[PDB]
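Protein chains in written order, with the entry's author numbering: chain A, 1 to 304; chain A', 1 to 304. A prime marks a further copy of an entry chain.
Report on one structure; see the data block that follows.
2 protein chains.
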Amino acid sequence: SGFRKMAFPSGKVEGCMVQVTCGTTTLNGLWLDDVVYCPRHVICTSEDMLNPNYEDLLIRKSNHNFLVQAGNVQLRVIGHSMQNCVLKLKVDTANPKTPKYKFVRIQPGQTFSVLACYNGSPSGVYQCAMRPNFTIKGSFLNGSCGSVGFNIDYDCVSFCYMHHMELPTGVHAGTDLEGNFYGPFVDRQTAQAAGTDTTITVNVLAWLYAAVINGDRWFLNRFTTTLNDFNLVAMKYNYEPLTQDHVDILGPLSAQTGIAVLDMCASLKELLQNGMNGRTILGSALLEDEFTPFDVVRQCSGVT
Amino acid sequence: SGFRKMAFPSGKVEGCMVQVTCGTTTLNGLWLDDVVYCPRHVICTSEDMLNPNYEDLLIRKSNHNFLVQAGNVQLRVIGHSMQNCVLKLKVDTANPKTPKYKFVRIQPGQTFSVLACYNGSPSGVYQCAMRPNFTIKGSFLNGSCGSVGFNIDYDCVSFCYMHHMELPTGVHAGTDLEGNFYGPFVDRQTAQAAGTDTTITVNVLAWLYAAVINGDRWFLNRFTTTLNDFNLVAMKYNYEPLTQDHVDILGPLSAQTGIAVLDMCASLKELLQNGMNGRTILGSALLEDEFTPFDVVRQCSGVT
Ligand SMILES: O=C(Nc1nncn1C1CC1)[C@@H]1CCOc2ccccc21
Ligand SMILES: O=C(Nc1nncn1C1CC1)[C@@H]1CCOc2ccccc21
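The structure is reproduced here in C-alpha cells:
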C-alpha cells in the first residue's frame, strides 16, 4: 500500500534527448527516428522574442546552423521545416534508441510525466497535469525548453507536451508534438495571462478513492448528493463541473471500494464546505487533483 | 522557475532490474556486474514469514532454485550467499548496462528516488525521504520487494535502499545494499511499530528557501530567533532539533536569497504557531520536508 505522486520510468525518453543550438541559443530536442523536434524559438535572439516573425527569421537559417548533439556526438542535419511552433530537423541517422511512440494531444485534466532536461541531458522527472486553463505548473529554468511530457502504455511512449515558455505568473505553456500550443498561448515575449485555474473534480474524486483503498477513511460521511447539487457547490469552489462521463470513468474505483460515486461527491462537498480541520488525506492538507482515475487504478494495481 | 517533487531520471536503474523467483515467491532483483541483489525473504513461504530461520531455510536452496530473468532471458546462477538481509546471486553474465555505482547507507532526513518495480519491470518513479524513525512512506504493493532507492551524481548511481516490507501501519521498511535494515526493523511478520515520525526541520527550511526563490514570499516576517529559542518551538511541534551543522548546510541558500538562516527559522516558528490560515506555499498546505538543502540547490540550478 501507500500512494505517491509517481512519474513513469523515464529511460525510454532519456534515450531520445538531444541538445539543439542555433546561434547563441541552446535548448533540448526530441530525437525520434531521423527527426529532431524542438521549439521554433531556438532561432530567436532574446531581442527577436518581443515580436518574432518566425517565417522571416527562418529564411536566414540553413541546415548547418542547427547544431544537434546526442551525448557527445554531433548529428548531421539534412533538412529542416517548421510545423506550427516546432521545428523538425531531419538528421542522417535514425535514433537507435527510438522507442515505440505516438504523438497525442491531451485534454485538460490529463496527467503526464515531464523529463526536465538541460543541454540535452536529463535532470529529473516529475508528474504534471494539463490545467483547465491549459497551463502546467512545472519546474523549468532557462535551457529547459524542448523538455517533453509523456505517458507510457507498456512499451509505447505517447508524447503529449513539449515545453516552450514561462508566463510572467510563473506557470508554464507549451505545445503538443505537432507544435500546436495548449490553450491560447503564443511563443512571443508579450503579456499573456492565464485564465482561472479550476480544480479537476474527477481527479480529486479519484484521489479520494485512492485514499480509501490506502486506509485513509476519516472523511467518509453519512451523506449522498446528486450531480446537480454537487455541481452547485463545485461551482462556488472553482471546481470543474462533474459530468455523467466522469461518473462512468470513476465506476471501477466505486466498484473496488463499494462507495457509490455520488456518496464520494457528498464527502468531497463536506470537505469543501468544512475544510480539513488540520487533518491530512494521503499526507496532503489540500485536495489533490493531479491523479486521474486511470492513474489511481494503475498505481493501485502495479501496472508495468 | 517552479519547484516540483522531482525524482532522478530512472533509465540507469531500469537497466538493472531483474525478476527473481524462488519457489512460489517472485520479487525484484538488482543486477550490477555479475551479482543480483534481492531480499532474502524471497526464500520464504508466507507461513515461514511468522518466525523464519533464514540460515536454515537457505540450506534447502541450491543455485538452480533461484530463477533470475532479465527482460525475457534467463540468467545462469553460479553462486549464492546471504549478506545480512539480502541475497547475492552470482550470475555467469555481467550486466552490460551496469552504470557506475556505489552502495551508500543514508542518514534520516536524506531523500532518494525509488523505482517501483513488479516482476523485474519498472512501474514508476517517485521521491522519498528516510524518515527520522527509519521508515519511508512509499507506494509498494505485493511483488514490489527488491525495488531500490537511489541518488545520482552525474553518471554514478548511489544505491541507498532496497525495499523489504510494509509495517501494519502502512509505512515501509528496508535495507541498504549491504542488507542492513534502516532502523530496528526485522524481516519477519511480527508486531513492529514505528517510533515518532518527526518533521525534518532542515528540509522544511530548505523548501522555504525554494519558495522564496520561486516567488512565494507571503510567509516572510519581520522576526528573527536563536537556535535555542527555535528548538523550544521545534520540540513542541515534533520537529527535529536544528543544529549549527544544519545552519551551515543552509548557508548557500541563505546567500542566494539574502535571508539569514535564523530569520527563516523565525518565519517557520510563526508558521508552526499560527498555521497557514488557508494559504499555500509552493502549492502545498503543509510544510514539506522531503527536499534536502542539496535537492533545492540542484533543482534551482538545473544540474544534469
Ligand atoms: O519563457 C522562456 N523560457 C522558459 N520556459 N520555461 C522556463 N523558462 C525560463 C525561466 C525563463 C523564454 C524567456 C524569454 O521569453 C520567451 C518567450 C517565448 C518563449 C520562451 C521564452
Ligand atoms: O510486507 C510485505 N510485503 C510488502 N512490502 N511492501 C509492500 N508489501 C505488500 C503489500 C504487502 C510482506 C508480506 C508478508 O510479511 C512480510 C514480512 C516481512 C517482509 C515482507 C513481508
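Backbone N, C-alpha and C define an ideal beta-carbon position, used for all residues, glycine too.
- At a C-beta separation below 9 angstroms, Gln299 (chain A) has these neighbours in chain A': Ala116, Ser123, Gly124, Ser139 and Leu141.
- If you keep only unbroken beta strand (DSSP E) runs of at least 3 residues inside the segment 66-112 of chain A, you get 66-70, 73-75, 77-83, 86-91 and 100-103.
- Per DSSP, the unbroken alpha helix (DSSP H) holding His246 (chain A) starts and ends at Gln244 to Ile249.
- A residue is called buried when at least 16 other Cβ atoms come within 10 angstroms of its Cβ; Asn63 (chain A') does not meet this threshold and is exposed.
- Closer than 9 angstroms to the CB of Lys5 (chain A) there is at least one CB belonging to chain A'.
- At least one C-beta of chain A' is nearer than 9 angstroms to the C-beta of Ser284 (chain A).
- Relative to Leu167 (chain A'), the option among A':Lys137, A':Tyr118, A':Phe150 and A':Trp207 whose CA is nearest is A':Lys137.
- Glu166: these are the residues of the segment 148-169 of chain A' whose beta carbon lies less than 7 angstroms from some beta carbon of chain A, given in chain order.
- DSSP links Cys156 (chain A) through a beta bridge to A:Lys100 and A:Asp153.
- Any heavy atom of ligand 2 counts here; residues with a Cβ closer than 7 angstroms to one of them, in chain order, are A:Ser1, A':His41, A':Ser46, A':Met49, A':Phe140, A':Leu141, A':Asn142, A':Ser144, A':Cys145, A':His163, A':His164, A':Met165, A':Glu166, A':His172, A':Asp187, A':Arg188 and A':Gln189.
- Inclusion of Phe185 (chain A') and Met165 (chain A') in the CB contact set at 9 angstroms is warranted, their separation being smaller than that value.
- Chain-order list of chain A residues neighbouring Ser10 (chain A'): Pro9, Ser10, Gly11 and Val125, by C-beta distance under 8 angstroms.
- Straight-line spacing of the CA atoms in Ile213 (chain A) and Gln74 (chain A) works out to 50 angstroms.
- The C-beta distance from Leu27 (chain A') to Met17 (chain A') rounds to 11 angstroms, too long to fall under 8 angstroms, and the pair is not in contact.
- Taking 9 angstroms as the cut-off, the beta carbon of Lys5 (chain A) is found closer than this to the beta carbon of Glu288 (chain A).
- Counting only residues of its own chain and dropping the five nearest sequence neighbours on each side, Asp197 (chain A') has a CB closer than 6 angstroms to the CB of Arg131 and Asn133.
- Between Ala206 (chain A') and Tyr126 (chain A), the gap from beta carbon to beta carbon reaches 9 angstroms or more.
- Straight through space, the alpha carbons of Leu58 (chain A') and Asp187 (chain A') are spaced by roughly 15 angstroms.
- For the pair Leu115 (chain A) and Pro122 (chain A), the CB atoms are nearer than the 9 angstroms cut-off.
- Closer than 9 angstroms to the CB of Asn277 (chain A) there is not a single CB belonging to chain A'.
- Contact between the segment 224-237 of chain A' and the segment 254-266 of chain A' is present: three or more C-beta pairs spanning the two stretches fall below 8 angstroms.
- In the DSSP assignment, the residues bridged to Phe181 (chain A') are A':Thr175.
- A straight-line Cα-Cα distance of about 18 angstroms links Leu242 (chain A) and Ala210 (chain A).
- A distance criterion of 8 angstroms places the beta-carbon of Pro39 (chain A) in contact range of ligand 1, judged by its closest non-hydrogen atom.
- Remark: three or more beta-carbon pairs, one from each stretch, lie closer than 8 angstroms, so the segment 36-50 of chain A' and the segment 77-94 of chain A' are flagged as touching.
- DSSP places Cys300 (chain A') in the uninterrupted alpha helix (DSSP H) bounded by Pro293 to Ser301.
- A distance below 9 angstroms separates the beta carbons of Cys156 (chain A) and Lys100 (chain A).
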